[PDB]
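Trainee: Below is the structure I would like to discuss, written out as structure tokens.
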Amino acid sequence: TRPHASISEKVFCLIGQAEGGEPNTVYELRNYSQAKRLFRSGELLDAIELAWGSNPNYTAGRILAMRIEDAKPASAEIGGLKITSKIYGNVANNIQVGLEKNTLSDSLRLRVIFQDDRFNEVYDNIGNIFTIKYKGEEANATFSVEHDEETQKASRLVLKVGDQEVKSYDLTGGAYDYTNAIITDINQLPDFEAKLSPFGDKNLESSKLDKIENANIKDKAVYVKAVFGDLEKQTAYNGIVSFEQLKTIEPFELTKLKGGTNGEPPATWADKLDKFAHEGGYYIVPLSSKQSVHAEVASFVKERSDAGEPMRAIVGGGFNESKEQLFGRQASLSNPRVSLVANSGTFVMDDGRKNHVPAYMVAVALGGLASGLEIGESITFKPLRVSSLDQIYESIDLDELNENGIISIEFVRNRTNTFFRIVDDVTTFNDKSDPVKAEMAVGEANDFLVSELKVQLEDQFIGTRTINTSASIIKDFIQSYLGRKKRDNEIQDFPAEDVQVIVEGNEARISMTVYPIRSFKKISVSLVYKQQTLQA
Amino acid sequence: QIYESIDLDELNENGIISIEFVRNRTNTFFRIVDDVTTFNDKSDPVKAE
């Protein structure tokens, strides 16, 4: 590998169908060029590119995703070789592989086809690592290679003068573990010859050679053949397929790798949703309509948040859902840290397509916006990508479903432009006396403040250094820290007189009060027309 | 200097200094492709470089 030239803090999570990538592993997608390379097709790809494309400036952050399927690979067992596919799904059934042995080279030849990616390859001079020959005066020369009787790894290689062993190389271990050493040291018994292959690098570990005897030599040049040892080099980084040796290798006609399986749908998402526990997400969205999956996601979000790791979800159901379904689903999804989306629509992508967008894909679009916006700012009135809104929701309806905590999209008719811009960051929790639960952005600001508070209280006091730092000092430390957050304007002011601390044994209880940065909900303007004369 | 890019990788890995042909816009020149020594170990740059 000689030197050359060759030519957002809120993480967002996803889980849905995709025709690519191994399931039950959360991937981090560095760039949507790499997303398509992993997630070939399916709703997850549209959900990734919709999220990063949802607005020309409020782009989404670092995405984590997983294919939720019971998929398994396509494979075949033929000749001497088990052939297996790194793609899991029905797409693997399109793979084809076939061998030949070529009398022009006395080598093996391999061919791999994969029409889906318009991908095709041929490998030739497979095996036949390096040449041996004899030039000394004698009438006869040969050689041999032998195995360990147990492992069937190679153990000896020997040059023979006629029938008899001249010198041996310890393939069981040491300086001769790499065939390069033998390619040199055969040319340190210069009556014999060895010479390298012209067809690219090989550097085979000599233990992978195969047992051979008494090939007749002087004029002739003969290879050591070691076909599987060479195939490991030819398949190091190559294509979609991998190989395992059972038995002895032989060619075989072109044949499809079978057993490619997307798999049955999941009966429950819980044991595959658990992988997003410790991965640093904050917004997670399911790409599915079933209410049971939504209840499970609500449960997972609660399980992580109650453990100190805050998380939230945005959810939408099916297609063109009606009011009765939204109320009944809100009542079945009532806990905070969950948002329900009420509207469907159409989105445009660069392929020239107009999708019919389910409600959980509008959540993704909103979730990508929520992650793009810097901490504490509301999703209120930010314009969205929508091409057409699918709706039975008028002015008053938006009041109904806003007051009942369902997020919705509203239509605006400016002087010239008509654009869609989403209403308010209210959550599924209904009781609007408690804005700390109701408004998602208020909850975000709270979650990150309490976490920073909880963290710095570890170093200062929960480090356990002594009991002799009493409760007047803890009160002072919370006043100090509220001062620092007041300096950054994240809390407007705090009544230091109304802070109290109680201590018993090795436990402190503290009461406090904070003034939140007060929001601005409404304006109304009385515009009156009058006339007065111009004169000359 | 017929040795090609894959040959340069084989000579360089084995610790043998090689030379390369390079084409500019119109001019050309020959440059030396690595400061490697004859030493074996790849994780010991004090000796390998």
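Here's how to read the names in the structure tokens: chain A, B, ... by the order shown, residue numbers from 1 in each chain, ligand numbers from 1 in the order shown.
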Using only C-alpha atoms and a cut-off of 8 Å, which residues of chain A sit close to chain B? Please list them as a PyMOL selection string.

Mentor: chain A and resi 1-3+200-201

Trainee: Please, could you write that set of residues out with N, CA, C and O atoms as an mmCIF file, in the first residue's frame?

Mentor:
data_model
loop_
_atom_site.group_PDB
_atom_site.id
_atom_site.type_symbol
_atom_site.label_atom_id
_atom_site.label_comp_id
_atom_site.auth_asym_id
_atom_site.auth_seq_id
_atom_site.Cartn_x
_atom_site.Cartn_y
_atom_site.Cartn_z
ATOM 1 N N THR A 1 0.858 -1.176 0.000
ATOM 2 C CA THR A 1 0.000 0.000 0.000
ATOM 3 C C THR A 1 0.903 1.237 0.000
ATOM 4 O O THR A 1 0.840 2.075 0.898
ATOM 5 N N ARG A 2 1.745 1.334 -1.034
ATOM 6 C CA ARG A 2 2.679 2.446 -1.148
ATOM 7 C C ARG A 2 1.893 3.757 -1.283
ATOM 8 O O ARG A 2 0.764 3.751 -1.783
ATOM 9 N N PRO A 3 2.451 4.893 -0.837
ATOM 10 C CA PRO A 3 1.654 6.133 -0.802
ATOM 11 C C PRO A 3 1.211 6.580 -2.189
ATOM 12 O O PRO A 3 1.948 6.448 -3.169
ATOM 13 N N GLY A 200 0.114 -11.113 -11.044
ATOM 14 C CA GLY A 200 -0.231 -10.426 -9.810
ATOM 15 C C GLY A 200 0.356 -11.085 -8.571
ATOM 16 O O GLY A 200 1.017 -12.123 -8.628
ATOM 17 N N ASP A 201 0.130 -10.438 -7.426
ATOM 18 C CA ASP A 201 0.771 -10.834 -6.175
ATOM 19 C C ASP A 201 0.085 -12.057 -5.580
ATOM 20 O O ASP A 201 -1.112 -12.275 -5.786
#

Trainee: Can you list every residue in chain B that DSSP puts in strand (DSSP E), as a list in words?

Mentor: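 Output for chain B, strand (DSSP E) only: residues 19, 20, 21, 22, 23, 28, 29, 30, 31 and 32 of chain B.
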
Trainee: I want to know what sits within 9 Å of region 490-506 of chain A, based on only C-alpha atoms, with residues of the same chain fewer than 6 positions away left out; could you give that as an mmCIF file with C-alpha atoms, in the first residue's frame?

Mentor:
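The file below, around.cif, is the result:
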data_model
loop_
_atom_site.group_PDB
_atom_site.id
_atom_site.type_symbol
_atom_site.label_atom_id
_atom_site.label_comp_id
_atom_site.auth_asym_id
_atom_site.auth_seq_id
_atom_site.Cartn_x
_atom_site.Cartn_y
_atom_site.Cartn_z
ATOM 1 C CA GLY A 376 -34.126 23.864 22.592
ATOM 2 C CA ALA A 445 -34.497 21.668 27.029
ATOM 3 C CA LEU A 449 -30.536 20.647 31.615
ATOM 4 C CA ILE A 467 -19.755 13.592 54.741
ATOM 5 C CA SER A 470 -22.664 19.873 54.633
ATOM 6 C CA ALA A 471 -25.942 21.105 53.108
ATOM 7 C CA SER A 472 -25.160 24.827 53.031
ATOM 8 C CA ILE A 474 -24.760 21.988 48.277
ATOM 9 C CA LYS A 475 -27.231 24.877 48.302
ATOM 10 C CA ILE A 478 -26.719 24.746 42.986
ATOM 11 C CA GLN A 479 -26.862 28.545 43.156
ATOM 12 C CA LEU A 482 -27.860 28.179 38.152
ATOM 13 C CA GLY A 483 -25.777 31.327 37.764
ATOM 14 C CA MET A 512 -35.769 24.627 43.975
ATOM 15 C CA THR A 513 -37.558 26.833 41.436
ATOM 16 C CA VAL A 514 -36.631 27.981 37.912
ATOM 17 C CA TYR A 515 -38.107 30.617 35.580
ATOM 18 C CA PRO A 516 -38.143 29.064 32.062
ATOM 19 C CA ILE A 517 -37.403 31.095 28.945
ATOM 20 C CA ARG A 518 -40.997 32.211 28.358
#

Trainee: How would you write, as a CSV table (one decimal) with N, CA, C and O atoms, in the first residue's frame, the set of residues in region 145-240 of chain A that DSSP gives as helix (DSSP H, G or I)?

Mentor:
chain,number,residue,atom,x,y,z
A,179,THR,N,5.6,-18.5,1.3
A,179,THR,CA,6.2,-19.2,0.2
A,179,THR,C,7.3,-18.3,-0.5
A,179,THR,O,8.1,-18.9,-1.3
A,180,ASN,N,7.4,-17.0,-0.2
A,180,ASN,CA,8.4,-16.2,-0.8
A,180,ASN,C,9.8,-16.7,-0.4
A,180,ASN,O,10.8,-16.6,-1.2
A,181,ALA,N,9.9,-17.1,0.9
A,181,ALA,CA,11.2,-17.7,1.4
A,181,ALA,C,11.7,-18.9,0.5
A,181,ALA,O,12.9,-19.0,0.2
A,182,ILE,N,10.8,-19.7,0.1
A,182,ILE,CA,11.1,-20.9,-0.7
A,182,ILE,C,11.4,-20.4,-2.1
A,182,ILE,O,12.2,-21.0,-2.8
A,183,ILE,N,10.6,-19.4,-2.6
A,183,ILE,CA,10.9,-18.9,-4.0
A,183,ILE,C,12.3,-18.3,-4.0
A,183,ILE,O,12.9,-18.3,-5.1
A,184,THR,N,12.8,-17.7,-2.9
A,184,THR,CA,14.2,-17.3,-2.9
A,184,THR,C,15.1,-18.5,-2.7
A,184,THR,O,16.1,-18.6,-3.5
A,185,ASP,N,14.9,-19.4,-1.7
A,185,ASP,CA,15.9,-20.4,-1.4
A,185,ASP,C,16.0,-21.5,-2.4
A,185,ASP,O,17.0,-22.2,-2.3
A,186,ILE,N,15.0,-21.8,-3.2
A,186,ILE,CA,15.2,-22.7,-4.3
A,186,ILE,C,16.3,-22.2,-5.2
A,186,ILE,O,17.1,-22.9,-5.7
A,187,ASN,N,16.3,-20.9,-5.4
A,187,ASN,CA,17.5,-20.2,-6.1
A,187,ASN,C,18.6,-19.8,-5.1
A,187,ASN,O,19.1,-18.7,-5.1
A,188,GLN,N,18.8,-20.7,-4.1
A,188,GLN,CA,20.1,-20.8,-3.4
A,188,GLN,C,20.6,-22.3,-3.5
A,188,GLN,O,21.5,-22.6,-2.8
A,206,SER,N,2.8,-21.0,3.2
A,206,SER,CA,3.2,-22.3,2.7
A,206,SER,C,2.4,-23.4,3.3
A,206,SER,O,2.3,-24.5,2.6
A,207,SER,N,1.8,-23.3,4.5
A,207,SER,CA,1.0,-24.3,5.1
A,207,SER,C,-0.2,-24.6,4.2
A,207,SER,O,-0.8,-25.7,4.4
A,208,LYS,N,-0.7,-23.7,3.4
A,208,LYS,CA,-1.9,-23.9,2.5
A,208,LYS,C,-1.6,-24.6,1.2
A,208,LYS,O,-2.6,-24.8,0.5
A,227,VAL,N,-4.9,-24.7,-5.0
A,227,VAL,CA,-5.9,-23.9,-5.6
A,227,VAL,C,-6.7,-23.1,-4.6
A,227,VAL,O,-7.0,-22.0,-4.8
A,228,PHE,N,-7.0,-23.7,-3.4
A,228,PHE,CA,-7.8,-23.0,-2.4
A,228,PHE,C,-7.0,-21.9,-1.8
A,228,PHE,O,-7.5,-20.9,-1.4
A,229,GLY,N,-5.7,-22.1,-1.6
A,229,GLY,CA,-4.8,-21.1,-1.1
A,229,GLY,C,-4.8,-19.9,-1.9
A,229,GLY,O,-4.7,-18.7,-1.4
A,230,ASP,N,-4.8,-20.1,-3.3
A,230,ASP,CA,-4.9,-18.9,-4.2
A,230,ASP,C,-6.3,-18.3,-4.2
A,230,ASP,O,-6.4,-17.1,-4.3
A,231,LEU,N,-7.3,-19.1,-4.0
A,231,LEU,CA,-8.7,-18.5,-4.0
A,231,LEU,C,-8.9,-17.6,-2.9
A,231,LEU,O,-9.6,-16.6,-3.0
A,232,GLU,N,-8.3,-17.8,-1.7
A,232,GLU,CA,-8.4,-16.9,-0.6
A,232,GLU,C,-7.8,-15.5,-1.0
A,232,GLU,O,-8.3,-14.5,-0.5
A,233,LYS,N,-6.7,-15.5,-1.9
A,233,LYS,CA,-6.2,-14.3,-2.3
A,233,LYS,C,-7.2,-13.6,-3.3
A,233,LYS,O,-7.4,-12.4,-3.3
A,234,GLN,N,-7.7,-14.4,-4.3
A,234,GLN,CA,-8.6,-13.9,-5.3
A,234,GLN,C,-10.0,-13.4,-4.7
A,234,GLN,O,-10.7,-12.7,-5.4

Trainee: Would you mind listing what lies within 10 Å of region 102-104 of chain A as an NGL selection string, with only C-alpha atoms counted and same-chain residues fewer than 5 positions away left out?

Mentor: :A and (109 or 124-126)

Trainee: Restricting it to N, CA, C and O atoms, dump the selection as a PDB file, in the first residue's frame.

Mentor:
ATOM      1  N   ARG A 109     -10.548 -21.487 -13.415  1.00  0.00           N
ATOM      2  CA  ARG A 109     -11.145 -20.209 -13.780  1.00  0.00           C
ATOM      3  C   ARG A 109     -12.492 -20.082 -13.087  1.00  0.00           C
ATOM      4  O   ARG A 109     -13.244 -21.055 -13.013  1.00  0.00           O
ATOM      5  N   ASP A 124      -9.042 -15.669 -13.530  1.00  0.00           N
ATOM      6  CA  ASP A 124      -8.288 -16.668 -14.273  1.00  0.00           C
ATOM      7  C   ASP A 124      -6.922 -16.849 -13.627  1.00  0.00           C
ATOM      8  O   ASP A 124      -6.489 -16.040 -12.803  1.00  0.00           O
ATOM      9  N   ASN A 125      -6.232 -17.914 -14.040  1.00  0.00           N
ATOM     10  CA  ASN A 125      -4.980 -18.340 -13.408  1.00  0.00           C
ATOM     11  C   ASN A 125      -5.180 -18.570 -11.912  1.00  0.00           C
ATOM     12  O   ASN A 125      -4.349 -18.186 -11.082  1.00  0.00           O
ATOM     13  N   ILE A 126      -6.287 -19.217 -11.569  1.00  0.00           N
ATOM     14  CA  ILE A 126      -6.591 -19.531 -10.180  1.00  0.00           C
ATOM     15  C   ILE A 126      -5.777 -20.763  -9.801  1.00  0.00           C
ATOM     16  O   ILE A 126      -5.792 -21.775 -10.512  1.00  0.00           O
TER      17      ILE A 126
END
